[PDB]
Structure formats: structure tokens, C-alpha cells
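Trainee: So I've got this experimental structure, pasted below with the sequence.
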Amino acid sequence: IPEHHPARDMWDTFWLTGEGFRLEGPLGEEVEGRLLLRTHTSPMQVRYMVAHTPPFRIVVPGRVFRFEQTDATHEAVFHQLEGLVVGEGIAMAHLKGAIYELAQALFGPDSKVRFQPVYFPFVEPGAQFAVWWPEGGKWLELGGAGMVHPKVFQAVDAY
Amino acid sequence: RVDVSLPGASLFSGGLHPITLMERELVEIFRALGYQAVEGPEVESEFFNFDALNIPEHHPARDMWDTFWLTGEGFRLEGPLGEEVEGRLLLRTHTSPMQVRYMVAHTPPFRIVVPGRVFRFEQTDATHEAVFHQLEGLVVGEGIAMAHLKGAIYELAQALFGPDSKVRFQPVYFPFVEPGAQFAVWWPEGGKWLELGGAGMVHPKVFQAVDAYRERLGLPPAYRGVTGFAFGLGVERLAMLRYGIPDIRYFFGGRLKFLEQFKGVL
Amino acid sequence: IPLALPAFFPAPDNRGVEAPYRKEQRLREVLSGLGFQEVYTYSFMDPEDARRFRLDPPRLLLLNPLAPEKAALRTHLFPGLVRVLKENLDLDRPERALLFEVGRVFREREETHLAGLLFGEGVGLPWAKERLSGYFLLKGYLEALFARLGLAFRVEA
Amino acid sequence: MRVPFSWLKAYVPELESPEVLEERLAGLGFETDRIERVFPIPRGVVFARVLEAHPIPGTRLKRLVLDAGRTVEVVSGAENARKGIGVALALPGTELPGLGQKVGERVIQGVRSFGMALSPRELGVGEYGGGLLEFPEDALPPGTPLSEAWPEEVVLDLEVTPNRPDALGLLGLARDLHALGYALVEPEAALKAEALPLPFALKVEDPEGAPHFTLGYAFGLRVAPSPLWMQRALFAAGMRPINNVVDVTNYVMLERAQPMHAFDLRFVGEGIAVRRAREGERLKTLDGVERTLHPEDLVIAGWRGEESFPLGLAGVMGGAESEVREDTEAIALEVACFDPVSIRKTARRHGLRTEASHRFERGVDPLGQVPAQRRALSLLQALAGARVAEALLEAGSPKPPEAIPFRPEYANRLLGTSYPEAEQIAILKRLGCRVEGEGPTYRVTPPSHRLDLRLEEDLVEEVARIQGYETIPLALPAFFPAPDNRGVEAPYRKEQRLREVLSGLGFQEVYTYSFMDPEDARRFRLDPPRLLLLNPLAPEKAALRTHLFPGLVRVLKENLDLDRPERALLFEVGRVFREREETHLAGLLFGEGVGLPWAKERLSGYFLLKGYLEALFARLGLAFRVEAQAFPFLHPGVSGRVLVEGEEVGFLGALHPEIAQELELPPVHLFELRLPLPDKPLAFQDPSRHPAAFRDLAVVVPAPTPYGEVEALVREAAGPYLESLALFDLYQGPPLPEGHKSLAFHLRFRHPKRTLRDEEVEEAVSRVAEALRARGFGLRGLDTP
Ligand SMILES: N[C@@H](Cc1ccc(O)cc1)C(=O)O
Ligand SMILES: N[C@@H](Cc1ccc(O)cc1)C(=O)O
Ligand SMILES: [Mg+2]
């Protein structure tokens, strides 16, 4: 996700300032770069990968921040749950299986999942998924997902 | 001014029993592998404890379990589907009967783990109890193979003793499995092999008993074209080695000086 | 024989099958966090205690007991808790004791019970003297438990 | 982006219906926010021809003489009302959306208005209400119901993600539907051009900003209203028709994501100059807004002799002066590709967001200009009777896209599918890709309009979405995780247990914003925050919290103003920022305390909190000590630091009185620690079977000396056989040397292997009286029973 990239707009960022702050990278090193409040948990999947080796399955819950106006269904401070499964042979069929299990586990046997293409600079294919909620009788748009983008693995191995 | 280093109100502080801790760790280890924990009754029928598991009467194999036989009218033992089951009552000599109960009540594929209190008529010493705990495992489904059983235990070991841990399998006998096997895990610190439990591929006659009892109950057969593995491991032995508890007798001793020592342990 | 791990979507009737077990585990954990000390006692009962503790006689008995003291199957959880209180008072001399045990009981049907025991001076300042104890200390901890569990808790005479 | 069903249908004739179209676009990657039917037109509204306009003397109104089958008269105040145009006549009796007041025949300034001419807003086709709808004077036979040439339309509100800028054109969308199997009808641009020189020159002074720039030449123009089908199309798409030329440029822009602008040659001078704007240089843009350009703004300018002047803000908005109007006869047509970042900055810089900027920011087909020029010039020829020159003025030569290696086997492997190779190739071909070679790895070179196709993975998403994400099977992965991934969850699990024990001990969890009010560094007496926000939500939230307790104190207050809690035992776990990001655990006590509701005696304040905390660490199996120490935000008499397992990890005490007062708060007690808490491994200690020796003794100590120091000494020297040591009574007064106090200690000794000889115990207490006095402490009691 470049600068002055249209995709940057999908995240209204809180930029920070102040000297004396030490940000430690994945291997405890002293990382640099403009500081900000994470706009999503995704950065954690880069940190984890530089610090470990495939195959693995991780889930990273976390507080995130977006510069936004606080209303009945919108917050500037909220939480996300990221998932990341990497390894030889991992396919989109597995992603779908995961979310199918999430749905069943959350809404019962009569629950269903739905995937539609959507865009994210960090995945290709990209997708949005919704789960059928039998009681409320409606589709809930739950989250995004896809196959880790080639450039992400490249960034990881370069770092 | 106030002395801040002065003792505060003596609010009570609880704790969990060593066995509850060990069982919880075991259950967690296997939950990560997709196993779900379910329990059975401590007072069982000979049918579930023995017959359904391919363990006849006056069968040499019966001797592998010193049984506490019970008596008394008015007791209602409910089967897997809530029915009124019959047969000579006894204290389960192992958690194995629970894998028969579960199978009549569900359909493959699945992964279950069933912790539980078991009873054997035996003399209570430093490393032996008449009342102890076991953790049974059962994974059934199309294509399930012994390679998977070994994988499970490999994961158990790694999860319990670290990356430098190893597992070892050797043939051994159980009327309810074929192949049958005993497994030991390498404990890098104590530098020794720990004989952990038994296991194997669910015996053909067990699946047969399950589907017969299902039909006798109106349910359709469900284990005709599937296979599975099962294992069973003693908890006290593991708890002991893991907490450095010298006498298996302390568990049911009830001594606070003892129990209190595990408040920290998660 | 190679090592491998199985992959499959479990059959529907296997979902949530672990709720019961999970429920009881949470209960134990909240108890240990509220201030209760867990205790494990043999499932056996001394037939003579049906007398001592004024309880209806045990329904299940052992044909091959370890001793006559363990010839029956417990019907209540508290008798054993009271006996460990005693044994703990003879070996060591605890001043207080807030205990709890979860276990299978036998009478008509096999059922799961939860028993607790309070004993000692109570709660208050070690150096001071005023204290909270007895009945209302227990009813106190219990009210918290159910407040914690989100359940109505009433105690009629 | 608004997607008018019947317009799209012109490219994709076989579309089943808007509902099915919505479905199809969803599976393609476009979500519709809403579907809408939009042009209900009553029968009362008919097409009319304005035979003549007669201003009403003394008014700013006009008397229109309309041919509407029969000649009728109507009064209008619209500036554009004039002879020679067609208009929408609402006959008396018509029910109009906008008004809700049945239209009728009425008298205005001396004349009988038989109904009234309509504006887009009155008819309900657009928000514009400042003038009449202008139709071609011959659009329809006078008096025919407008419905008959303006049927209702269904419009889809489509989401077009940043990766699909080609989809910002209705034809771009059409191609996606085509890949699905629908027949595609591309508009043929029939042009009858003539070879002759363009009466102007092109000079691109800034190729960075204008990588590819073309100019078309159309003259002999006959500017007039657009055909009904075009006004209908434009209105449905959220745009307002203006005239022939202008509409054509907007129509094409919407058709193929290619913004273009017609400049009236009268103002061009010698030529167009795509250059940067000179500081100060002014420009009155199309919106009528007078602006001042920035040296970074790309500008479309003209020059005459030794003078250069701006004509339009490149790729954002054309100038007001050269706008094409009725008297325009010739134009220079701008069809270009601009630098996205430049358009981005200029757009922001001036607070503009236009159909044009939006498209240039997302990207335009680098080689779509020439084809776009033909489409437009063709339409100009057909609707404005334009004569068009054969040549274009072109600057820049973008290179076609490069080949992308593609492996059907990989696509199927990455997706977990098994689509037959041929189906994959065919799909990529339907999307306009060129495929070369015969496998297993092909050379796939995409169409210039797809900026989002560069990697093999990109191609596999093309196959997946055209095949349909629902055709991808469900599966679960199986693998032994790499070694360095073991126990990786311990940290997270550790903190979770902590929270759970806290909630079970009696603490109520609370979540507070990570933000801090810079002014509270003052109020709560805290060192200033190290991290601050460049773009805060408000000055109250301009910094990043350094402590957890301030927020806990503020919620205590807010809870006391909304509801009136009598007590409150709270806890919160959160990230704090100072030098480094760290995790803290804070707790708050407040209220009467614990005891019998009906009774009065109670346990509360400091020692109630220190009580709960002692349990927590007893529960956690960790040493918990609280030594005296001062803290700016704590009462000096009720303040101490926390020592878990021997190391300082936080504090505990009563909120400073002054602080409490400024916040109008009763006494408040609290603590704050740093996580993760020290970890103490198990070291099982087999309990001794033999009995333990009981012995009491009080210690005479001065009131100043803290309990801890004594207890530490008593224990320290009590010997290696000490079992317990508890303070069962604090007493200070007569007969003790005033300012002194006695500490009643309950001691207990014990030996693992055997019982203890009274000789060893006596000695033990003795070894204690030893240093006990060596420190200046008495022994109110000794060898006490
Ligand atoms: N149930 C056996 C142990 C065991 C369990 C499961 C098996 O598959 C094999 C053996 C016992 O009581 O010792
Ligand atoms: N605002 C322009 C539309 C446009 C904008 C930028 C361009 O480069 C081209 C066309 C107009 O009214 O015509
Ligand atoms: Mg793509």
C-alpha cells in the first residue's frame, strides 16, 4: 500500500509525533519510519512472518484506529481479528473452508458463507465474505480475505 | 498517614486441583487439533465397559482390569440416547466405554477426547491408585489411518515436552484395537522414555457393536465404511512427572498444604 | 509408519458437543478465582456415615470394597468435605478454610454436584479484630458467584 | 458510480434484468449499494415546441406560445425559455413529483398559463431547477406524451474499487459481463473525416504530467440540445445535459472512463499548451468559481503572440470562458492521460472532486485516447453536424503492456480448483487478453485498459471470478507447523488468564480510549505525553495516554453523574505509551466497602484494595509486597510502590486529595502495574508429616518503623525451619513507650524429616530476639504460649 496510492484512502490514518519513542521491530531491532496508530491488524502478519517460518496458522486480535466520526455504528477506535495461514500447498479452497467453519461455529448448522471478489493491495485473489444468520434472516458482511499477495512475501523475505 | 506495608483484608484466594490443571492442559493440547471434550458416567454397565469393547467374560483380557462390581436396586443408568440401559453395574475401569456411547449417539467424521475418573480394585501405594484419571481419544472417519494416530501423539509430545521431544510406538494388545500399540514420549529434561498410553485402530467388532446397538434403537448404521484410531493415557502419571509430585496418593489426600501449592500453576 | 494429520469437516451432529464440559470448567475456574480452593475426594462412602451425617442410606454398594469404610458410593459431597476439614485440622492447624469440590454423586441416578465449605475466624484485618464470617460470609461469596454467573440466587428457609 | 440499466443494456443487449444484473456484477467484484426506478412521467406531461417567447411588459416573466398539438400558452420566468426549443409541458391536471400540488390552468401577470413548462427538478429527472428542460425542437410530434420517448429507468449504485478504473466506464463494465458469456456490442464510431490542417498547434511543455495528449479538430458545429435518449442517459447517470458537444464529451467519459473536454477555438489562440501554472496565475473554472493556481497545477493553456493564458485545470475541470456554447462553431478536443499523483494533489489543493479528477486519479487507459477521439468526433458529427479533420495532434507514445507468464496448473493449484486449461485460456481471451504459446506456461499480455493486470496471480483471480468464487470447493489444510511456531501463544494466553482471574476475584473490566487529554498531564500530575497526534479528533484526544488510572478515575466520575453507584471495583488492561509501548493493568476501588448491607461495620479503602490484590497474587502464585513511596498523583500518607516477586512493577494508594477535589471526587484508591507480571516456576515442596511447633511473641517498635521491615527481620532471622509468621495484632499505647507499637506475630516452625526439639525452637526465637534488639526493637512478649 504505496503513498498517494488510491488504496491508501481505504484507511483514514492517525499520524503521530514526538521524539524519544522506541518502536521495536519483529526481532527486537530498532525500526524506523513515520509513526502512526495501526489502521488494521494486517501489519502484524508481516511482523510474524519475518520472525517465523512456514507452515503456520495465526490469528491476531487487536485494537485499531481510524480517523472517523463516531456514530451509532461507527468508531475511530475498534477491534479486528486477523487470520494468516501460510504453507506449501495452501489454497483459496482452504480459506473458504476456514470461514465455513467460522460460520458454523458462530451461527449453527443452518449457517452459510458467501464470497465475492473485492480489492485489497495485500491479497490476490481478493474477497469479501458474508455469513448467513438464520435467526436475523440476513447476510452479514463479516470481513475481507484472499491469498497473500506475492509482493507481501517479497517484502517479508527482503526485510 | 497510613502504613502501606501493613497486611490488607484477608480476602480468600482460591485454587485448582493438580488433576484439573493437568486435564485442562491435555484438553487444550487436543482442542488445538480439533478434538472436543465430552464425558461419560462413572457408574457403567458391563455392556459398555466390556462387551461392546470386545472384552468377553472369562476372557484372559478381562484380567487387564480389576473391577469394582456394584449392587442396589432403584438406580437408573441412562444409555447414550437417554434410554434405560441394563446389565450388571460396575465402576468404569477406563474411559473407553464412552467411545461406544458417543458413536451410537453421533455420526462420523469426528474428533473427541473424554477425560474421566476411573476405578480399579487395587492396592494404594506411592505410584498406584484404585481411583485415578484417564484421557481417551477417538477420531473416526473415512480414510483415518494409523499414520494419523502417530501424528496425533507426535503433536501431544511436542506440545508437552518441546521441540526436542520424540514419540515411540510398539505393538501391544487391546481387545478394542487392531493394530494395537503402546506409546512413549521422550522427555529431554528427565532424559528418559515415559510410557504414556495405549492406542490403535478401532477394532472391527467395536464398530459392529455400535451399529447393532443403533439398529436395536432404530438408528441407521453409521460406521460401516469408516475407520478410526483411539488412545488412552493416564493423567496422574503425567501430572506427577510434570509437577514433580512424589506420591500419587496426595491427589485424593485433600491436604491443603499440598493443594495450595498449585494456585500459581496458571 | 509415516506421521500425518487428518483433515475433515466434522459431521453436523458433532457441533457444540463440548458445551457441557466447557460450562463446568468455567464454573470451576470462577470458583477458584472468587476465592474457593478446589478439593478432590474419593467417590467412596462409609455406610456408617449415612448415620453420622444423617443421610438417607446409599443406593449403590460395593460387592468387592477396598474396606468397609469404602463399601458404598457417596450420595453427598459435603460429608467428605467435612472430613477433610477435620484431617486438615489434625495434621496442620488451618485457622480458616474456604473449600469447594465438584463431583459425581449416586442416588436414583448419577448426578453432578458442587459443594462448598466455610470455616474459621473469617475475613477482616489481621491486626484488627472485627470480622466477617459464618453463614453470611458464605452467602456472600455465593451471591458473587451467581452475580458473576449472571443467575438469580435466593436462599429460603 | 451510477449504472443506468438501459444504457448498459446498449452494450450488453442480453441482460436479463436489473436484479440479475446486480447479481452478475456482485460475482464480478462490484457491489451495488442500491437499485432505483427513476423517471415516472405522468401522461399529463407532453412534448411541446416553443413557437415564440414574448416578455410580459413590466415583469421578468415571458409568455410562451407553444405548439403542443394545439397552440397553447404558458407563462415562464426561466432565463433559458426562448423560441426554437422543445420543452416538457405539464398540462393542467397533471400530478408532478416535485410539487405535490396538481398542476392547473392559472392566471399570471395578465395571461392564462395553460399548465407550465418544466425544469429537471419539477419533472423529477434531476436536481436542477434553475431553467427549463431544453429538447431538440423536433424531438417528438407536438403533444405526444413525454413518457413515450422517456421511459422509466432503473439505476444501480455501483461500488467500483480502485483496482478497476476501467470499470469507471459503462463499456468497461460491459466487457466484464461479456467475459461471463454475454454478447458485447461496441459502438462503431462512423466518421467521415476530411484531410486538412488543424488551425492550431500543440505544445506539451510538461510530459511528466501529460504522458499522452491528443487534440481533435471539429468545426462547422451546430450547438443545440442533445437528443432525448442522451439527456435521459445523462440524467440517469447523475449528470445534467447542457448541449450537443458538452453532453457528447460527458457521455463518452461515462462510457469508457476517459474524461475529455471541448475547448471553443475562439479562445485557444495559436495553440494549446499543456504546462505547469505560473504562480499567481488565475483561472475562473467551469463552476463559476474564481481560482488562483499553484505552480504544481498542470494547466491546459493557450497562447496568442507573446501571451500565455490558462484555459482549464487539467484533468479536473475546464475553464468557464472557453466552455462550448450555442455560438461556438469549432473546437479543439482534449483527450488525454494525466499523471495520477499530479491530478490527486491539484484536486485536493483546490477542494475539487470531479468525474474527471476521480478517473484520472484512479488511472486511465494509457492507449485509449485515439479510440476515444473517434467515438466522440463521430458522435459530434452525428449530433452537432460536425465536420472533422482526419489528423489529430498527438504528444507522447506510451508502450503497450508486457506479457505475463500464466500457468493453468498454478491457477488451479492456488485456488484449489480443477478448471480445464481450455476454459482458463478462453476466459482470459474474452477479457481481451492475448495468449501465446502452448503450455504449460503461457505468455498472456493484457489489454491496455486493465491497469490491474500485471502478475500471474492477477490472471488467476480473473479465471476465478469469471468461473465464479462459488465454484471454488471447500477444504481444510493439514500440516505439522514449523518448530519456531510452538508456544507462540503463551504471551496472549497468559494475559487472558489474568483478566479472567480478575473478573472472578471481583473486578469489573473496563475499556477506555487510548487517547489522552494533554491537559490531564497537569490535572493528574503526570510527566507530559511523549506521543502526540498530528490529526486528533479533538484537542481533548490530542495525545496518547501514558497511564491507565486517569481514564479509570474519569469513568468513576461519569458513572457518578449518570447513575449513582455506591461502590465500584474496576480494572482495565491496556497499552500505554512512554519511551516504549507497554501493557499496563490498573484497578480502582471506591465506595463504602464490603460488609453486611443491614449492618454498619465495613471493610474498605486502601486495605480493601490491598486485600483483593494480595488474593490476586496468591491466586497467581506470586510474591506481593507494598513498600512506602511517594507518587505525585497519590496521597502522601496513602502511597506505596508494588513489588511483585521482588521487582518494582507499579504502585498502590489513595488518589491525591487535591486531585480528588479538583475532580469533585470522594476518596479513591487505586493501582497500576506493568505486564507481563513476573513469572515464578513451580518448585513443589513436599509437606512435612510431623507436627509443627507453635510459638508467639510481640515486638516493641517505634510508630514510624513500617510493618514490612519488622516482618522481614523477624522472618529473616526466624531460621530455616520457619513455617508461618502472621501479624494477628497491632497495638500501640500504654504500657508501651508512646510513639511505639507492638507487633503480635503468630509463629510456627516445622521440620520435614522429623519433629523439632524444644532446644531448636527456643534457639530460633532467641536468634530472633538477637537481631530484633540489635535493630532497636523490644520484646513485649517472649516464648509466649
Ligand atoms: N482403556 C485402556 C487403555 C487404552 C485406551 C484406548 C485404546 O485404544 C487402547 C488402550 C485401559 O484402561 O488401560
Ligand atoms: N470539467 C470538464 C471535464 C473534463 C475535465 C478534465 C479533462 O482533462 C477533460 C474533461 C468539462 O466541463 O469538460
Ligand atoms: Mg485483480
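Mentor: That came through, no problem. Numbering: from 1, shown residues only, chains lettered A, B, ... in the order given. Ligands and ions are numbered 1, 2, ... in the order given.
Trainee: mind checking which helix or strand residue 135 is in?
Mentor: By default, I'm working from chain A. Using DSSP states H and E, residue A:135 sits in no helix or strand.
Trainee: Correction: the question concerned chain C.
Mentor: Residue C:135 belongs to helix C:134-149, assigned by DSSP H and E.
Trainee: same thing with residue C:24?
Mentor: helix C:19-34.
Trainee: now the angle from that helix to helix B:18-31?
Mentor: 130 degrees (axes from the mean of the first three to the mean of the last three CA atoms, to 10 degrees).
Trainee: Just confirm yes or no for helix C:19-34 near chain A.
Mentor: No: judged by CB under 8 Å from any CB of the partner chain, helix C:19-34 and chain A are separated, with a smallest distance of 11.8 Å. (C-beta placed from N, C-alpha, C; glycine too.)
Trainee: and residue A:85, what is it in contact with?
Mentor: A:55, A:56, A:57, A:58, A:94, A:95, A:98, D:477 (CB atoms under 8 Å, 6 or more residues apart in numbering or on different chains).
Trainee: what about the third one, distance to chain D?
Mentor: Plainly put, residue A:57 is 7 Å away from chain D if you go by CB to the nearest CB, to the nearest Å.
Trainee: So that residue belongs to a strand, correct?
Mentor: Yes: per DSSP: H, G, I helix; E, B strand; the rest coil, residue A:57 lies within a strand segment.
Trainee: still on that earlier bit, and for the helix holding residue C:135, what's in contact with it?
Mentor: By CB under 8 Å, 6+ apart, the surrounding residues in contact with helix C:134-149 are B:12, C:27, C:30-31, C:34-36, C:98, C:116, C:118, C:122-123, C:132, C:152-153, C:155, D:503-504, D:506, D:596.
Trainee: middle-most residue in chain C, spatially?
Mentor: residue C:101 (2.1 Å; CA atoms, centre = their mean).
Trainee: Let me know the angle separating the host helix or strand of it from helix B:18-31.
Mentor: Here residue C:101, judged by DSSP H and E, is contained in strand C:96-107. Here strand C:96-107 runs at an angle of 70 degrees relative to helix B:18-31 (the same axes, to 10 degrees).
Trainee: Tell me which other helices or strands whichever helix or strand comes after strand C:96-107 touches.
Mentor: Going down the chain from strand C:96-107, the next helix or strand is strand C:109-120, by DSSP H and E. Packed against strand C:109-120 by the contact rule (3 or more CB pairs under 8 Å, 6 or more residues apart in numbering or on different chains; DSSP states H and E) you find helix C:19-34, helix C:78-91, strand C:96-107, helix C:134-149.
Trainee: Now do the helix or strand just after strand C:109-120: distance to the chain's middle.
Mentor: Next in sequence after strand C:109-120, counting helices and strands by DSSP H and E, comes strand C:123-124. Relative to its parent chain, strand C:123-124 has a centroid offset of 23 Å by CA atoms, centre = their mean, to the nearest Å.
Trainee: Now do the buried residues in stretch C:54-67.
Mentor: Residues C:55, C:58, C:59, C:60, C:62, C:66 are the ones in stretch C:54-67 that count as buried (16 or more other CB atoms under 10 Å in any protein chain shown).
Trainee: Please spell out the ChimeraX selection for the buried subset of the contacts of helix C:134-149.
Mentor: Applying 16+ other CB under 10 Å to the contacts of helix C:134-149 leaves a buried subset, and the ChimeraX line that selects it is:
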select /B:12 /C:27,30,31,34,35,36,98,116,118,122,123,132 /D:503,504,506
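Trainee: The contacts of helix C:134-149 also near ligand 3: which ones?
Mentor: By CB under 5 Å from the ion, no member of the contacts of helix C:134-149 lies near ligand 3.
Trainee: Not counting its neighbours along the chain, what's nearest whichever residue of chain A sits closest to chain D?
Mentor: Closest approach between chain A and chain D, counting by CB to the nearest CB: residue A:93, at 2.6 Å. Spatial nearest neighbour of residue A:93, chain neighbours left out: residue D:416 (2.6 Å); criterion: CB to CB, 6 or more residues apart in numbering or on different chains.
Trainee: and the angle from the helix holding residue C:135 to helix D:490-505?
Mentor: 130 degrees.
Trainee: With just CA atoms, put helix C:134-149 into PDB.
Mentor: The C-alpha trace of helix C:134-149 is given here as PDB (Å, rounded to 0.1, in the frame of the first residue of the first chain):
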ATOM      1  CA  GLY C 134     -20.000 -17.700  59.200                       C
ATOM      2  CA  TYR C 135     -23.300 -18.100  57.300                       C
ATOM      3  CA  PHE C 136     -23.300 -14.600  55.800                       C
ATOM      4  CA  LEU C 137     -19.700 -14.800  54.700                       C
ATOM      5  CA  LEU C 138     -20.600 -17.900  52.700                       C
ATOM      6  CA  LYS C 139     -23.900 -16.400  51.400                       C
ATOM      7  CA  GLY C 140     -21.700 -13.500  50.400                       C
ATOM      8  CA  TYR C 141     -19.300 -15.400  48.300                       C
ATOM      9  CA  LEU C 142     -22.200 -17.400  46.800                       C
ATOM     10  CA  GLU C 143     -24.100 -14.200  45.800                       C
ATOM     11  CA  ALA C 144     -20.900 -13.100  44.000                       C
ATOM     12  CA  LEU C 145     -20.700 -16.400  42.200                       C
ATOM     13  CA  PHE C 146     -24.200 -16.100  40.800                       C
ATOM     14  CA  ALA C 147     -23.700 -12.400  40.100                       C
ATOM     15  CA  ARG C 148     -20.600 -13.400  38.200                       C
ATOM     16  CA  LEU C 149     -22.500 -16.200  36.500                       C
END
